[PDB]
Every structure is written in C-alpha cells, then in structure tokens.
Amino acid sequence: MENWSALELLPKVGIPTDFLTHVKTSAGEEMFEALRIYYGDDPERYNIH
Amino acid sequence: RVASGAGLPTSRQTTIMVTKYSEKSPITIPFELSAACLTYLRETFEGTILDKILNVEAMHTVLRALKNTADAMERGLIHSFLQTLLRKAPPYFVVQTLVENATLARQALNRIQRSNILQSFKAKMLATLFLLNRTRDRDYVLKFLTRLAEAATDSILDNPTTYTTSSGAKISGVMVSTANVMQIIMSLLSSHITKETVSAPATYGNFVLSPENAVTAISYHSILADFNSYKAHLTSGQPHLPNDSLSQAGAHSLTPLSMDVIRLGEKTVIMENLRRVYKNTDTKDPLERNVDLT
Amino acid sequence: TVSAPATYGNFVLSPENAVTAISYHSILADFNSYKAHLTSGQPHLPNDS
Amino acid sequence: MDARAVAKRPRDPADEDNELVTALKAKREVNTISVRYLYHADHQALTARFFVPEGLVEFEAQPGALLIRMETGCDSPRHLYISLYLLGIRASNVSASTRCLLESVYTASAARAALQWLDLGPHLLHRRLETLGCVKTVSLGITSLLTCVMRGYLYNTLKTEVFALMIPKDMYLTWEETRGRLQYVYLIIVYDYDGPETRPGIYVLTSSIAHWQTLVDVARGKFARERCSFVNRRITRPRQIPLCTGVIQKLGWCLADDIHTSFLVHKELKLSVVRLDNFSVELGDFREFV
C-alpha cells in the first residue's frame, strides 16, 4: 500500500492544480485510483521508523 | 476555507493525497527473410557477375525490410498514442455538463444533483449528436470548438520553450480529425485559420538511472527519480523542488516545422489530419468510427 | 596493564540514509561505499559498518 | 580443399556478426532498430503458438502446464486445447475433494463444452487426445495466446529462469523405492470395464525404465484388476468389441533430485502438485498394451 507519510515529508514541486469540478466532489465520486483524506493534523508522518 | 459566522458549523482543515499510475502498451511487427536470401547474402560462388548480382539483391532485400519495419514502428507508435488518447477522452455532452455543473456540489452528489446531471446528459446528447450535418453556421461551430477547447483541464507540467511560433504567443492544444472534416472546418472558419512555423523538440528526451537509483533498485526494488536533489533539499531544509524529474528529462534541441493553427478565444491550437499514416496500410484510422442508435 | 578504548564509538546516518529511511523504511549502512564499489566493479569492501 | 582448410576449427556462431548487422555494415547505414543482439537466437527448444478461448485458461496462467489437443467431433472448432487439470475432472483416479475444487474452478461454457464433447462419443478417451507439450507464457484476453515447447527445456527469454512441469498430486505415480539418477516420465490412461460405462484412470508415471517390454510388464503387474475387468467384459458382453486395457505415452526426462512437492494458487484456491524442476519434453505416441 502507498505510504503517504513519505509524500508528506519529502520535498514537493509547486503546481497550479486544475480540477474541473470541486476537489471533494472528484474524490467522492471516485475519480482517483488511490486516495487518502484526513482532517486536522495527523501525527502519522512524525514517527519515522 | 472561509471563516463562518455565529451558529454555523465551522469547516475543519483537510488534506487530500492522490496517486496516479502508468500503463504499458507494447507494439510489435514481424518481417521475413527467405533462406535463398540468407545463403546469397554471405556466399560467393566463383565470384562471377551473376553471383555479385545475387549478393547485391540479398543485401538490398534485407535493407528494404529494415527500412519498411522502421517506418512501420513509427506509424505504430502514432497509432498507439492516438488509441490511448481516444480511450481517455469523454464525449462533448459529458464534459459540457460537468463544466456547467462545476459549482453545483462541494461533496459527493445528492440524488437531486445527479438527477440534474442525468437530465443534462440526455439533453446535450440529443442536441449535438451530428454537429456538421445539422448546422453549418460559422458562429455556432466557432463557439462549439471554443467550448471543446475550454472544457479540458490543464496539464501539471508545462515547458514554456517548446511548441511555440515566431509569433511566439504559445500553443496550448492539438485538435485532430479526419481529412474531410478538417477541410470543411478550414473552409468554413478560414477567417481564423493561419499558417505557422512551430518550434518542436527534435529528438526524444533521455531518462537515466543514477548510481543511487541502481543501489536502491537492487536492494529495495524501487527507485526515486532525482535522488540527489531530494537528499540535498531535505537536508538543507528547503520544502520545494524547482523542477520535476520527467520535465528535466526533456530534450534540449528544438527544430522548426510548418503546421496550421486556429484561434479560439485567446487560445491557439493546432489542427491535423492523420491521412498520411493510414494511406495504404491494413489498419483502419481510429478516428473513423461507427455509431449505434436504437 | 592493558590498553583499552578511551571513548565510545559514534554511528551516524548519511543524508542518503535519511532518504531511504523516510521512503522505504530501511537503512543500508555505509551507503556510499556500496555505491562506489558497485559502480567501479570491485567486489570487496574494506570493512563493515 | 587444402591443409589449412582442414585444420581450421569451425567458426563460433557467437563471434560472427549476424545478417542484419552485416548488411548495415556493408552499406554503412544506421537504423533505429537495435540489431547487435538477436533474442532467442540461441534457444535450442522448439516452440509453437496456440490460441485458446478465455474460459479454458485456468491454472495454465502459470508456466509448466501440460497441454493436450482434443477432438470435438465437429467442424466448427474441430479441435480444442485443454490441460491435464481439466482431464482431472473426468479421471476416476482423482479424489472427491480435489474433483469438487477444480470443478468449481472450471465453471465456464467452454470447459463444460469440452467435457460434454469428451463424454458424448463412443470412442475411448485416448483416441480423442493428442499431446502437444508444456506451456510457458500467457497473454490474457477474450482469446488468449499460449506458447508451448514440444522439444526442449522450459525457460524464459534470457534463460534466467527454468520452469518445472506441474502434475496434480492424485495423478502422480511411482513404482520404485529408491529412484534412479535419470528418470523418464510417461502418461498412462487405463480403462476399468464396469457394468454401465468405462471409467478411465489417468496417471503420470516417473520411472527409471526405458525399455518398453520391461515397463509394460511392470504396468501389467500394477494394473491386474483392470485386465481382469477387460477379460470379464469380453466374456459377459459380446458384440461389444473393446480394445486395449491401457495406453502408455512417453513425454520427457528429468533427474530424480529435481522432483519436489508444491502447491498452486488460483483465485485464492490451493491445488497440490508434484513439481519436476528441470523437466525437458520429448514426446512419443500412444502405445497400447493388454
């Protein structure tokens, strides 16, 4: 399974994103093959092992 | 997010992670050589002039086969790319319904919202099934093409120096169709068609594994492209990367070549027909299709 | 009277170790020695990590 | 002819440059196609390509399946290509639980058609079958493509991996306590002549014996009951003219140390098999014995 914490830590490229519809609508209507959504602040990325 | 007033539920901050995968589509084609060709290719019986003629014939046979197969490989690459693009491209009524209902929902669709979506689907499917047969008004087709261009979303990578003209205002898309349709459009909208020279990359870009990538491929069966840049930015504390691994793999040299473009509301796109590729081949042009109505 | 080490030993991660730890959850100690020996084509490392 | 010509040892097939490179060098012309090394140029195994409908391809996705050609008694498909696993359904040798398992696996129209065609006619089973070899590839689709070797070892493009031959455990048969170093493997079909209809037994035998007469004597020792049944039917039921009590076909040779036990997984169901690690195919015809 995809490890989202690695994406969360590693440097990223700044992009102007363009979803035609609302992001939560495209995600809820299952546009993307794999998806992770969390609210607030998730401590998962901090426990490097 | 936007701050809310008294008595309303506040919107919590949220982050979204998505990932996209690649798909593979190999192509192939055979060519054949006869044993008679092979024996005379590498044999000299007494060296008489007839034997020299036969040697020359075998050499030319294999050379013709190689050239024909290389041309076939180029054509097959074009064919495969076009098939992939057609596979991912939805029809006009879907995309126009989406663009007209973009602000409708900020969540998964209700019953009512998707009922409205379905109504729009049906109406637009009936209204625009055969565009050029039911109308040839100049303004209407111009607006329709403009809508087709506007509906598509932007790409996440953009090399600003490639596919540009001497008029250097940049090109944004390509519109492809059969020769007859392109002829009809060009004659109908000639006030917007122009002939241009475009700078395009002269060769494929090169992507190379680094030795760190080799070590990680051996040990963990995975590579992270541009490993050293990631490590340098991570250790220095900079959160953002200036470029993308695939983008920096792009070719440097670019060549000029001639093609036709159309203006679609401060947006210029290229027009092409692929009649050349399928001129005398066995494969059918994938832009010529059948449609069923019941 | 015998001679004994005066101080503890120190083991420290390389930056590439940090990258592989974050991405793959794994460390190959003395990563650059492996890289250089593998590329140069010589089979034996001088000593372990 | 001269002394230097006789003394000259033959050219190495690997140090001469191939025909395409020869032509390109002769004209000094470049080509996009990579040409310096030709793949499969040194495969000594002989292979063939077979098309098979989607329903029949199950447990043959993994390499190492034995491939049989069956006659339909019809002109529209004429022949079908089936595996030993499918014959596992019809064989009386296979146990009830395994029969149920691999009957649940082959729940497709094509497989059921194969079974109906097999049971429909009045001929014995072996007259309807022709053995092709072992398979090592798959390209899936509505019509799948299988490549099968009919003389040689089983291996991929670079010989970086050698494939085994998979036999279902109920069909595996041995008749010696300590194995000879070199083992020959045979396919056996034996008929039991009970009252209503013949029930066929299907086996794959691994043996050290290469001589036909000694092997058939051992087989007649092992299958005495079926021979008794054959004679009993000949006595009780005239105007039924049976032939044969069994047939034996040779296909392959392997070393005794290569023999192992293993399982196969398909749609999270486990089938247990015997595994011949470095098996090389060498097909014979059906020889019949009484």
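Just above sits the structure.
The residue numbering used throughout counts from 1 along each chain in the order its sequence is written. It may not match the entry numbering, and residues with no coordinates are not shown. By the order in which they are written, chains take letters starting at A while ligands take numbers starting at 1. Part of a larger assembly is shown, with all reported values restricted to the visible chains. Calculation of side-chain values draws on the structure's entire complement of heavy atoms; hydrogens and water are dropped beforehand.

Caption draft 1: The arrangement of the overall build of chain C in detail. The helix and strand tally for chain C stands at 2 helices and 0 strands. Dimensions of chain C along its principal axes, counting C-alpha atoms only, are 45 × 30 × 15 Å. When the 49 residues of chain C are sorted by exposure, 22% land in the buried category. For every accessible area listed, the method is Shrake-Rupley and the probe measures 1.4 Å; residues are considered covered only by the protein chains on display. Carbon and sulfur atoms provide 57% of the accessible area of chain C, an area that totals close to 3700 Å². The helix count covers DSSP runs of H or I at least four residues long, the strand count covers runs of E at least two residues long, and both are numbered beginning at the N terminus. Relative accessible area decides the class of each residue, using a 1.4 Å probe on protein chains only: under 20% of the type maximum gives buried, over 50% gives exposed, and in between gives partly exposed.

Caption draft 2: Quick look at the interface of chain B and chain A. Two residues form a contact once any of their heavy atoms are found within 4.5 Å. Contact with chain B, which involves 33 residues of that partner, is made by 27 residues of chain A. Interface of chain B and chain A: buried area, both sides summed, is about 2700 Å²; carbon and sulfur atoms make up 65% of it. When a carboxyl oxygen of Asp or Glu lies within 4 Å of a side-chain nitrogen of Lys or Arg, that pair is called a salt bridge. One can count 0 salt bridges joining chain B with chain A. Between N or O atoms, a polar contact is any pair within 3.5 Å; within protein, one atom must be a potential hydrogen donor and the other a potential acceptor, and residues adjacent in sequence are included only when both atoms are from side chains. The tally of links between chain B and chain A comes to 11 residue pairs in polar contact. Every element with two or more residues in the side of chain B that touches chain A is listed here: β1 (14-19), α3 (92-100), α9 (227-236) and β5 (240-241) of chain B. Per element, the largest residue contribution to the side of chain B that touches chain A is 6 residues, and it comes from β1 of chain B. Split into classes, the residues belonging to the side of chain B that touches chain A amount to 18 nonpolar, 10 polar and 5 charged. We define buried area as the total accessible area lost by two parts upon association, computed with a 1.4 Å probe and summed across both. Each residue gets one label: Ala, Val, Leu, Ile, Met, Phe, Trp, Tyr, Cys and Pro are nonpolar, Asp, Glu, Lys and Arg are charged, and the others, such as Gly, are polar.

Caption draft 3: View of the pattern of salt bridges. Summed over all chains, the structure comprises 22 salt bridges over all chains. Among the salt bridges present, the one from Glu 29 of chain D reaches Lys 67 of chain B, with a minimum N-O distance of 2.8 Å. In this pair, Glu 29 of chain D is assigned in the loop between α2 (19-27) and β1 (46-53) and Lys 67 of chain B in helix α2 (residues 49-88), connecting two distinct chains. We classify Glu 29 of chain D as partly exposed; its relative accessible area is 28%.

Caption draft 4: Structural context of the interface of chain A and chain C. Across the boundary between the two partners, chain A contributes 6 residues, which contact 4 residues of chain C. Between chain A and chain C, roughly 500 Å² of surface is buried when both sides are summed, and carbon and sulfur atoms account for 64% of that area. The largest contributions to the chain A side of the interface with chain C come from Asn 3, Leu 10 and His 49 of chain A, which together make up 64% of the buried area. Here chain A and chain C share 2 residue pairs in polar contact between them. Taken together, the residues of the side of chain A that touches chain C sort by class into 4 nonpolar, 2 polar and no charged.

Caption draft 5: Main features of the sheet that holds strand β11 (residues 259-266) of chain D. Residues and elements named next belong to chain D. DSSP bridges decide pairing: two strands pair if at least two such bridges lie between them. On the basis of which strands lie adjacent, the open sheet formed by 3 strands has the order β6-β12-β11 and antiparallel pairing. Only two strands of the sheet have a single neighbouring strand rather than two, namely β6 (165-168) and β11. Strand-to-strand twist across the sheet, computed as the mean angle between neighbouring axes with direction ignored, equals 45 degrees. Sheet topology note: the β6/strand β12 (residues 269-276) ladder contains 4 bridges and is antiparallel. The residue of β12 that forms the bridge with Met 166 is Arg 275. Think of each axis as a best-fit line through the C-alpha atoms, taken over the contacting stretch in the case of a helix, with angles from 0 to 180 degrees between the N-to-C directions. Sitting on the sheet, helix α4 (residues 96-105) is in contact with β11 and β12, with an inclination near 105 degrees to β12.

Caption draft 6: Molecular detail of unusual backbone geometry. One non-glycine residue with positive phi stands out, namely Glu 46 of chain B, at about 70 degrees. Along the chain, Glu 46 of chain B turns up in the loop between α1 (35-41) and α2. Exposure remark for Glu 46 of chain B: the relative accessible area of 76% places this residue in the exposed category. Positive phi is not limited to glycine here, since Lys 159 of chain D has a value of about 60 degrees.

Caption draft 7: Representation of empty space enclosed by the protein in the model. All names here are of chain D. Space inside and on the surface of the protein is sampled on a 1 Å grid over the protein atoms alone, with a cavity defined as a set of points where a 1.4 Å probe fits but cannot get out and a pocket as an open set with protein on both sides within 12 Å along at least 5 of 7 lines; lining residues have an atom within 4 Å of a point. Grid points are joined across faces, edges and corners, and a volume is the space filled by probe spheres set on the points. Summed over the entire model, instances satisfying the criterion amount to 4 cavities of 30 Å³ or more. There is about 90 Å³ of room inside the largest cavity. Per-element accounting of the lining of the largest cavity gives the leading share, 3 residues, to helix α3 (residues 84-90). Looking at the lining of the largest cavity, its residues break down into 7 nonpolar, 3 polar and 2 charged.

Caption draft 8: Here's a closer look at the side chain of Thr 165 of chain B. Residue and element names in this part refer to chain B. Inspection of the secondary structure assignment puts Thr 165 in strand β2 (residues 164-165). On the basis of relative accessibility, which here comes to 13%, the residue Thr 165 falls in the buried class. One polar contact links the side chain of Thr 165 to the main-chain amide nitrogen of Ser 167, over a distance of 3.2 Å. Reaching out from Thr 165, the side chain makes a polar contact with the backbone oxygen of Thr 197 at a distance of 3.2 Å. If we skip the residues at most four places from it in the chain, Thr 165 touches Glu 196 and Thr 197.

Functional significance is not addressed by these values, which are geometric in nature.
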